[PDB]
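First the structure, in the form of structure tokens, and then the observations on it.
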There are 2 protein chains.
Amino acid sequence: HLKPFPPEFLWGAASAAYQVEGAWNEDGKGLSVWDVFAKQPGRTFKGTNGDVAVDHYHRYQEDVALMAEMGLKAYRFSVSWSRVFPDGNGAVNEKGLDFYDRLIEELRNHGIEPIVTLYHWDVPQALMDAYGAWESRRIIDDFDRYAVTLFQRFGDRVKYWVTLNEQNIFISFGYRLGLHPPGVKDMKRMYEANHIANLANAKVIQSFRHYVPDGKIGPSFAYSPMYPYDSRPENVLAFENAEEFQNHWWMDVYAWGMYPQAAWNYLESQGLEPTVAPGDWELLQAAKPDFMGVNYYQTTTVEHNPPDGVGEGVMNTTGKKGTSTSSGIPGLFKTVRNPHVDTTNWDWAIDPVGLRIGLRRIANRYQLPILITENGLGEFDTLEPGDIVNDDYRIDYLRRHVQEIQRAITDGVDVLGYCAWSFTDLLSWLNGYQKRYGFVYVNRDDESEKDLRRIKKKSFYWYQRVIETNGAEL
Amino acid sequence: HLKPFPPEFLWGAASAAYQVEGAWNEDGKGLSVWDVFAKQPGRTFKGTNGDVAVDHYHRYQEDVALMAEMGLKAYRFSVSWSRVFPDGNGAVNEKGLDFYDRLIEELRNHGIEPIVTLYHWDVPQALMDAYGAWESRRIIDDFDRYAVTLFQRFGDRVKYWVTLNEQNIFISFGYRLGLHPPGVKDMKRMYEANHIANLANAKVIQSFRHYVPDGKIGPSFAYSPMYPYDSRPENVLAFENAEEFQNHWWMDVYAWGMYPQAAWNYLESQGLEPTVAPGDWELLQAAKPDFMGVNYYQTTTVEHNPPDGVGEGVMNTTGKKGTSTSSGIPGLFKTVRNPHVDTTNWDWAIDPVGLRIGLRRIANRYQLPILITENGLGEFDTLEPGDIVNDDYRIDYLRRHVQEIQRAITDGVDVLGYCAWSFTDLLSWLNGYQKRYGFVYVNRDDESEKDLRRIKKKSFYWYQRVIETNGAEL
Ligand SMILES: O=P(O)(O)OC[C@H]1O[C@@H](O)[C@H](O)[C@@H](O)[C@H]1O
Ligand SMILES: O=P(O)(O)OC[C@H]1O[C@@H](O)[C@H](O)[C@@H](O)[C@H]1O
């Protein structure tokens, strides 16, 4: 007795501006931190960058026609802040706004609901140069000016908005792991920037209530639900520590305005806790979102880890399977291979039931509606003769996730929509172009732009049918 | 470096009226449901009952002097509703109150803080005869009237109160498993009674805020933290179901005034959900407790359970190790042996790290102070020539738990106190006299009443030292 999907369930697909747009220095666009970082030697796969990406800035009309052919109910994209404020906080670049205005009109003219991500990792380099971007409280007012600019321009036409895409990733990768800009590896700096980002999220949610009173807004969290390895009490405890440090650290702030205490105490015991100003807690507690945005791709299995144990692990950026290694926080937990699930060529776990679990944990802890803002399978694809791509592996992945979503809905989770990552193939920040997620193949690779032609994959036709039957036929 | 136990930490021990008092028909006392139930053949181990028990009603001066010798900071006990209102709701029986007043006096005179439990499973049989007791909303006003009598009479000498002792257990055993009065096996009646107990709890918490404004009050929940057996997604999901169904079903209502949605929907799907009435929600939501009382003995490991798999299992009431079998809810989860822990002769898991896990979950989800209202080890004891009871097994159990408590406190959990189960040996409801938990041995068994003389066990002195050092020495 499964519930159906709701009559107006937002069947979607997603992109991010740096990964798709190209036109990195056209029509007055300023440099973003990713324009600079990606052109540093050694930072990205084979030196790939988003100078051209898949040229969505020029080809958006074609891409939207293909969305309309698919029957997409919603398209999630991000706004490139450096297109709108070339120097982050100066005068507005109207040509930048005009691009998003053309895109939104194009979507609406085809009956597609826009879902706008304010921030998908691309703070203008000028703010980084001026004051260190996310490490300065100055960014709170600067992010707010940019958000309000969009809210006033587009608020009439866009109802669904995402504030920060994966704060947990951009902050940890940028300031702990050194793998995203600004390339820092300093845990204290990381938790300071994170706190500032929390304040920026809250502040724009408050502004949103004034400028878009009939809208819906939330953050999109990169959620990997944690599992203990087995029922050994020390492994279950490792699991409580992981869930709290990796997940509650962010989601409790978004939902409740408070950091979890056992994590806080652990950080305070090392002088790593953020610097909290008077007024911070009041702001964080007075910015309730309409939904938790959830980016889900995999679960993580953890076990105990002694004080001299595993810290940073190797991440697979090449698509050679079995190249990842364990990571952790010495004393608290380490990741371990889950022997009950398959993995992708990039060593990501395939765990559709984990999505059902993550959705239940969120509903159960926070009582919040959930918009799944990303989910998808990143894999090698082959273009075959006759412009055919048979990505059965992708269909299988998506079908099983969408079935668990329906089970979560039947369990009583309020899921607003589902945005598959990604609509067209695009640039993977650290994995290049060969790690493909699209319904629509783009003809290019790491060595050549080729002709950038769009080619519908088998999954395109699978999803068109899912959407036509409102999820009744998977 | 661990945090120290705080300076005014309540180092306690506990009992319950039916299990300790005897004097079942003296001084005006009415029949309770347990007076009747225990006399029915087959309901108790070797037909044991509490007509005499360990005769605490006559020997309380001796017992309180033994508590003073130990150094106890607090003693948790229950009031026998049937001593105070022999009819449940008639005229108050002053001789009944007088005993509790004498007991409270003796406690205060020796410096010991009393913790009073309002309800420990012994509703007057008159109420059950009159209107089915917990199955009728009339018990809400009757219970409240009894609590208000006690608040008024003792509010100025008793600061800490527990409302219902293990609602989850007396409701479940009495209305689903048929092991406690009223001896019913009917899920529908179970949830209706449970819902009424919920409202009764909230009602008296509200009364308390008028009558004892400077006091602290909470329910005491029987908490077995759940573990998944392993990282199979289906087992983790079975763990989410078990924690929600066994634990959040109660704690969410105590803390937030709401039932969890997935358990609700699943019950609704079967017609098993409780009859809600206008005002119920407003009442449940307007009755925050000061703390969560936790009674803890063991964790439970679960795994996936087919729609046609395990339901009721064998429970060990004889102390013959290895006679318990798995229990489950078909389709949701079933219990399974945790290979990483030892068990007692009654097949209870020994899992002190489980306690820190549980305290951590409660603090993380509800942010409430915790009073550990029971914890202890039930085993066979041997009396030795010389009045020696070498209960090392018990010392080791309690040492480990107390150590995980200090770890939780350090992790940041606010534990107000710890009350070991039990001060003297006493009657176990279903297991008889041979299942002993006391620091003070009581000379009787399931065959012979002998003389009921109190002998200090090795653990008595152990705990004496613990209290002497405020935890510093174990
Ligand atoms: O590109 P990857 O590393 O395979 O990850 C896939 C996706 O990850 C999400 O975490 C990001 O929001 C996306 O921009 C995209 O990168
Ligand atoms: O007596 P047992 O079955 O060994 O249980 C030990 C304890 O269970 C607790 O939860 C009950 O509140 C106590 O009254 C005592 O019965």
Side-chain angles (χ1 to χ4, degrees), chain A residues 1 3 225-237 239-241 243-244 248 252 256 258 260-266 268-269 299-304 336-341 349-361 363-365 367 404 407-408 410-414, chain B residues 1 3 225-237 239-241 243-244 248 252 256 258 260-266 268-269 299-304 336-341 349-361 363-365 367 404 407-408 410-414:
Chain A
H1 288 310
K3 300 178 58 182
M226 306 283 149
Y227 291 175
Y229 181 67
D230 62 18
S231 58
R232 182 195 299 278
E234 297 68 17
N235 290 341
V236 175
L237 175 63
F239 152 76
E240 301 298 322
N241 285 324
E243 189 82 338
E244 177 151 323
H248 300 340
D252 288 16
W256 295 333
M258 323 177 312
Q261 194 72 52
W264 179 280
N265 286 6
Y266 173 87
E268 209 175 45
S269 81
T299 55
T300 304
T301 299
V302 301
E303 59 177 341
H304 68 96
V336 64
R337 181 188 154 261
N338 184 344
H340 303 280
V341 300
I350 297 156
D351 197 350
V353 173
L355 177 54
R356 184 182 176 188
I357 294 156
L359 295 165
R360 289 269 304 272
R361 288 186 184 166
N364 160 280
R365 181 175 179 86
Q367 292 98 83
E404 300 291 327
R407 288 173 179 120
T410 304
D411 295 344
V413 181
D414 186 2
Chain B
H1 304 296
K3 294 169 99 142
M226 312 278 153
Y227 298 173
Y229 179 73
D230 65 15
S231 62
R232 187 185 304 276
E234 293 67 24
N235 287 346
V236 179
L237 180 61
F239 148 87
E240 302 292 330
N241 289 326
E243 187 83 342
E244 196 175 283
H248 304 339
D252 287 9
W256 299 331
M258 300 172 329
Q261 192 65 60
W264 182 278
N265 283 178
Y266 173 80
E268 202 170 49
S269 96
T299 52
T300 303
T301 298
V302 298
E303 74 179 329
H304 63 87
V336 55
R337 164 79 184 112
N338 185 340
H340 305 290
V341 299
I350 296 154
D351 184 358
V353 173
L355 175 55
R356 181 179 180 193
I357 291 164
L359 295 165
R360 289 273 306 274
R361 291 183 179 169
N364 163 278
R365 176 178 185 87
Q367 295 86 51
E404 298 294 339
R407 287 179 185 143
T410 307
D411 301 346
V413 184
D414 192 3

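Just the heavy atoms: all of them, side chains too, but no hydrogens, waters or symmetry mates, feed the values below. Note on naming: letters A, B, ... go to the chains in the order of the sequence lines (proteins, then strands), and numbering restarts at 1 for each one.
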- Item | Reported CD-to-CG distance for the pair B/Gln367 and A/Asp252, which is rounded to 0.5 angstrom | 7.5 Å
- Query: Heavy-atom distance under 4.5 Å to chain B: side chain of A/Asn235, backbone, both or neither?
  - Reply: neither
- Pick one of side chain, backbone, both or neither for B/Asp414, based on which atoms fall under 4.5 Å of a heavy atom in chain A. neither
- Note on the structure: Scored by heavy-atom pairs under 4.5 Å with chain A, the best of B/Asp351, B/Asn364, B/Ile357 is B/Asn364
- Hey, which of A/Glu234, A/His248, A/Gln261 has the most heavy atom pairs under 4.5 Å with chain B? A/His248
- Query: Relative to chain B, which segment of A/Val336 carries a heavy atom at a distance below 4.5 Å: side chain, backbone, both, or neither?
  - Reply: neither
- Side-chain heavy-atom pair B/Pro233, A/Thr299 within 4.5 angstrom cut-off: no
- A/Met258, A/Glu243, A/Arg361: which one forms the most heavy-atom pairs within less than 4.5 Å of chain B? A/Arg361
- Message: Checking B/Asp411 now: which residues fulfil side-chain contact (heavy atoms from CB on, under 4.5 Å) with it, not counting sequence neighbours?
- Response: A/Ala262, B/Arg356, B/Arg360
- The side-chain contact (heavy atoms from CB on, under 4.5 Å) partners of A/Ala263 (sequence neighbours excluded) come to A/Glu244, A/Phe245, A/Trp249, A/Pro260
- Euclidean distance, B/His340 NE2 relative to A/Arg232 CZ, rounded to 0.5 Å: 5.0 Å
- Report yes or no: does A/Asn338 contribute a side-chain atom to a donor-acceptor pair with the main-chain N or O of B/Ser231 at less than 3.5 Å? yes
- Item | A/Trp264, part contacting chain B, at a heavy-atom distance under 4.5 Å | neither
- Message: Taking every non-hydrogen pair under 4.5 Å, which of A/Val353, A/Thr301, A/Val413, A/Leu237 racks up the most with chain B?
- Response: A/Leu237
- Query: Roughly how far apart are A/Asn265 CG and B/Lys3 NZ, rounded to 0.5 Å?
  - Reply: 5.0 Å
- Message: Quick check for you: to the nearest 0.5 Å, what is the distance between B/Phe239 atom CZ and A/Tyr227 atom OH?
- Response: 11.0 Å
